[PDB]
$ cat target-v9.cif   # mmCIF, C-alpha atoms; chains and numbers go by the auth columns
data_query
#
loop_
_atom_site.group_PDB
_atom_site.id
_atom_site.type_symbol
_atom_site.label_atom_id
_atom_site.label_comp_id
_atom_site.label_asym_id
_atom_site.label_seq_id
_atom_site.Cartn_x
_atom_site.Cartn_y
_atom_site.Cartn_z
_atom_site.B_iso_or_equiv
_atom_site.auth_seq_id
_atom_site.auth_asym_id
ATOM 1 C CA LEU A 1 -26.214 -17.915 7.871 0.00 1 M
ATOM 2 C CA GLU A 2 -26.989 -15.667 10.885 0.00 2 M
ATOM 3 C CA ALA A 3 -24.313 -17.122 13.288 0.00 3 M
ATOM 4 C CA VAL A 4 -21.719 -16.663 10.322 0.00 4 M
ATOM 5 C CA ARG A 5 -22.926 -13.078 9.510 0.00 5 M
ATOM 6 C CA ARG A 6 -22.075 -11.927 13.083 0.00 6 M
ATOM 7 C CA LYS A 7 -18.754 -13.869 13.208 0.00 7 M
ATOM 8 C CA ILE A 8 -17.323 -12.148 10.107 0.00 8 M
ATOM 9 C CA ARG A 9 -18.263 -8.701 11.464 0.00 9 M
ATOM 10 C CA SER A 10 -16.652 -9.415 14.832 0.00 10 M
ATOM 11 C CA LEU A 11 -13.675 -10.894 12.903 0.00 11 M
ATOM 12 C CA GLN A 12 -13.533 -8.085 10.353 0.00 12 M
ATOM 13 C CA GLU A 13 -13.556 -5.630 13.279 0.00 13 M
ATOM 14 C CA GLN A 14 -10.461 -7.166 14.813 0.00 14 M
ATOM 15 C CA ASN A 15 -8.698 -8.253 11.493 0.00 15 M
ATOM 16 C CA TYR A 16 -7.758 -4.653 10.798 0.00 16 M
ATOM 17 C CA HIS A 17 -7.679 -3.797 14.505 0.00 17 M
ATOM 18 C CA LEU A 18 -4.855 -6.338 14.394 0.00 18 M
ATOM 19 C CA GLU A 19 -3.341 -5.130 11.089 0.00 19 M
ATOM 20 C CA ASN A 20 -3.645 -1.491 12.506 0.00 20 M
ATOM 21 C CA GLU A 21 -2.231 -2.255 16.053 0.00 21 M
ATOM 22 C CA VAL A 22 0.526 -4.620 14.781 0.00 22 M
ATOM 23 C CA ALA A 23 1.535 -1.853 12.280 0.00 23 M
ATOM 24 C CA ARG A 24 1.115 1.167 14.631 0.00 24 M
ATOM 25 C CA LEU A 25 3.636 -0.467 17.001 0.00 25 M
ATOM 26 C CA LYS A 26 6.128 -1.315 14.182 0.00 26 M
ATOM 27 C CA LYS A 27 6.280 2.349 13.069 0.00 27 M
ATOM 28 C CA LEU A 28 6.104 3.210 16.799 0.00 28 M
ATOM 29 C CA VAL A 29 8.688 0.582 17.705 0.00 29 M
ATOM 30 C CA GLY A 30 11.513 0.588 15.154 0.00 30 M
ATOM 31 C CA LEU B 1 -23.331 -18.517 2.162 0.00 1 G
ATOM 32 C CA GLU B 2 -19.826 -19.079 0.838 0.00 2 G
ATOM 33 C CA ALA B 3 -18.857 -15.364 0.842 0.00 3 G
ATOM 34 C CA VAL B 4 -19.292 -15.381 4.578 0.00 4 G
ATOM 35 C CA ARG B 5 -18.023 -19.021 4.770 0.00 5 G
ATOM 36 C CA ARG B 6 -14.834 -18.525 2.597 0.00 6 G
ATOM 37 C CA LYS B 7 -14.196 -15.311 4.484 0.00 7 G
ATOM 38 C CA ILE B 8 -15.226 -16.637 7.868 0.00 8 G
ATOM 39 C CA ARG B 9 -12.549 -19.255 7.575 0.00 9 G
ATOM 40 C CA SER B 10 -10.165 -16.593 6.056 0.00 10 G
ATOM 41 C CA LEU B 11 -10.974 -13.878 8.598 0.00 11 G
ATOM 42 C CA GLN B 12 -10.767 -16.138 11.682 0.00 12 G
ATOM 43 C CA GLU B 13 -7.694 -17.531 9.960 0.00 13 G
ATOM 44 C CA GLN B 14 -6.260 -13.997 9.934 0.00 14 G
ATOM 45 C CA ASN B 15 -7.702 -13.396 13.428 0.00 15 G
ATOM 46 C CA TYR B 16 -5.026 -15.612 14.816 0.00 16 G
ATOM 47 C CA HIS B 17 -2.598 -14.781 12.066 0.00 17 G
ATOM 48 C CA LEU B 18 -2.117 -11.321 13.365 0.00 18 G
ATOM 49 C CA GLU B 19 -3.578 -12.218 16.728 0.00 19 G
ATOM 50 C CA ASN B 20 -0.549 -14.410 17.552 0.00 20 G
ATOM 51 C CA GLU B 21 1.675 -12.235 15.332 0.00 21 G
ATOM 52 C CA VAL B 22 1.016 -9.192 17.513 0.00 22 G
ATOM 53 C CA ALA B 23 1.691 -11.242 20.564 0.00 23 G
ATOM 54 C CA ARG B 24 5.102 -12.354 19.625 0.00 24 G
ATOM 55 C CA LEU B 25 5.995 -8.871 18.444 0.00 25 G
ATOM 56 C CA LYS B 26 4.961 -7.659 21.971 0.00 26 G
ATOM 57 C CA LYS B 27 7.725 -9.887 23.406 0.00 27 G
ATOM 58 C CA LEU B 28 10.044 -9.318 20.426 0.00 28 G
ATOM 59 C CA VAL B 29 10.245 -5.551 19.700 0.00 29 G
ATOM 60 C CA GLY B 30 8.764 -5.022 23.176 0.00 30 G
#

$ encode --input "target-v9.cif" --output "structure tokens"
Amino acid sequence: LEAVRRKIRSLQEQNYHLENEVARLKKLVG
Amino acid sequence: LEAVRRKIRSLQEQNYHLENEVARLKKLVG
């Protein structure tokens, strides 16, 4: 449970990080 | 456990979804 509780917070951190950065570029890019 | 373990799968699963989506876009819109 503990290994999985840290994974999802690391992964949740980046999930949006990725949905934010991928987006930010798109608007940014064209 | 399953909240973490449906969404660990899902979140990792998105943590390459966008993670290799971003990449390509780097070398696409780039």

$ resolve_selection --input "target-v9.cif" --expression "the PyMOL selection byres ((chain M) within 8 of (chain G))" --output "PyMOL selection string"
chain M and resi 1+4-5+7-8+11-12+14-15+18-19+21-22+29-30

$ calpha_fit_rmsd --input "target-v9.cif" --fixed "chain G" --moving "chain M"
0.9 Å

$ axis_aligned_box --input "target-v9.cif" --around "segment 4-14 of chain G" --padding-each-side "3 Å" --output "lines of an AutoDock Vina configuration file"
center_x = -12.8
center_y = -16.6
center_z = 7.1
size_x = 19.0
size_y = 11.4
size_z = 15.1

$ build_atoms --input "target-v9.cif" --residues "segment 1-25 of chain M" --atoms "N, CA and C atoms" --output "compact mmCIF listing (two decimals), keeping the file's coordinate frame"
# COMPACT_ATOMS: atom_id res chain seq x y z
N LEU M 1 -26.60 -19.19 8.56
CA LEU M 1 -26.21 -17.92 7.87
C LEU M 1 -26.05 -16.73 8.86
N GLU M 2 -26.91 -16.74 9.88
CA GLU M 2 -26.99 -15.67 10.88
C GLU M 2 -25.79 -15.67 11.91
N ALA M 3 -25.49 -16.86 12.44
CA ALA M 3 -24.31 -17.12 13.29
C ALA M 3 -23.06 -16.61 12.50
N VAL M 4 -22.84 -17.05 11.23
CA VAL M 4 -21.72 -16.66 10.32
C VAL M 4 -21.60 -15.17 9.89
N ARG M 5 -22.78 -14.54 9.75
CA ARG M 5 -22.93 -13.08 9.51
C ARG M 5 -22.47 -12.17 10.67
N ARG M 6 -22.60 -12.61 11.90
CA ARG M 6 -22.08 -11.93 13.08
C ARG M 6 -20.55 -12.23 13.31
N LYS M 7 -20.16 -13.48 13.10
CA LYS M 7 -18.75 -13.87 13.21
C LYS M 7 -17.82 -12.99 12.38
N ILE M 8 -18.08 -12.97 11.06
CA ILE M 8 -17.32 -12.15 10.11
C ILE M 8 -17.29 -10.65 10.39
N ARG M 9 -18.24 -10.13 11.16
CA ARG M 9 -18.26 -8.70 11.46
C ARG M 9 -17.46 -8.41 12.71
N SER M 10 -17.57 -9.31 13.69
CA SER M 10 -16.65 -9.41 14.83
C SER M 10 -15.20 -9.64 14.40
N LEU M 11 -15.01 -10.50 13.40
CA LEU M 11 -13.68 -10.89 12.90
C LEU M 11 -13.04 -9.87 11.96
N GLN M 12 -13.89 -9.24 11.16
CA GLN M 12 -13.53 -8.09 10.35
C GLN M 12 -13.17 -6.85 11.18
N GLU M 13 -13.80 -6.72 12.34
CA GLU M 13 -13.56 -5.63 13.28
C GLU M 13 -12.13 -5.66 13.79
N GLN M 14 -11.76 -6.84 14.28
CA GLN M 14 -10.46 -7.17 14.81
C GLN M 14 -9.30 -7.43 13.78
N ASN M 15 -9.64 -7.88 12.56
CA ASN M 15 -8.70 -8.25 11.49
C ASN M 15 -7.78 -7.09 11.18
N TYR M 16 -8.40 -5.91 11.11
CA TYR M 16 -7.76 -4.65 10.80
C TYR M 16 -7.24 -4.02 12.08
N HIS M 17 -8.06 -4.11 13.13
CA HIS M 17 -7.68 -3.80 14.50
C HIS M 17 -6.27 -4.41 14.70
N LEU M 18 -6.11 -5.64 14.24
CA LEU M 18 -4.86 -6.34 14.39
C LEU M 18 -3.77 -5.87 13.38
N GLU M 19 -4.22 -5.70 12.14
CA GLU M 19 -3.34 -5.13 11.09
C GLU M 19 -2.97 -3.62 11.31
N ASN M 20 -3.88 -2.87 11.95
CA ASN M 20 -3.64 -1.49 12.51
C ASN M 20 -2.74 -1.39 13.78
N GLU M 21 -3.04 -2.19 14.81
CA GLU M 21 -2.23 -2.26 16.05
C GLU M 21 -0.84 -2.89 15.83
N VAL M 22 -0.76 -3.98 15.06
CA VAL M 22 0.53 -4.62 14.78
C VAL M 22 1.43 -3.62 14.04
N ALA M 23 0.88 -2.96 13.00
CA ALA M 23 1.54 -1.85 12.28
C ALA M 23 1.94 -0.68 13.19
N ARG M 24 0.95 -0.03 13.79
CA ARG M 24 1.12 1.17 14.63
C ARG M 24 2.32 1.08 15.58
N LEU M 25 2.47 -0.10 16.19
CA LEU M 25 3.64 -0.47 17.00
C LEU M 25 4.95 -0.42 16.19
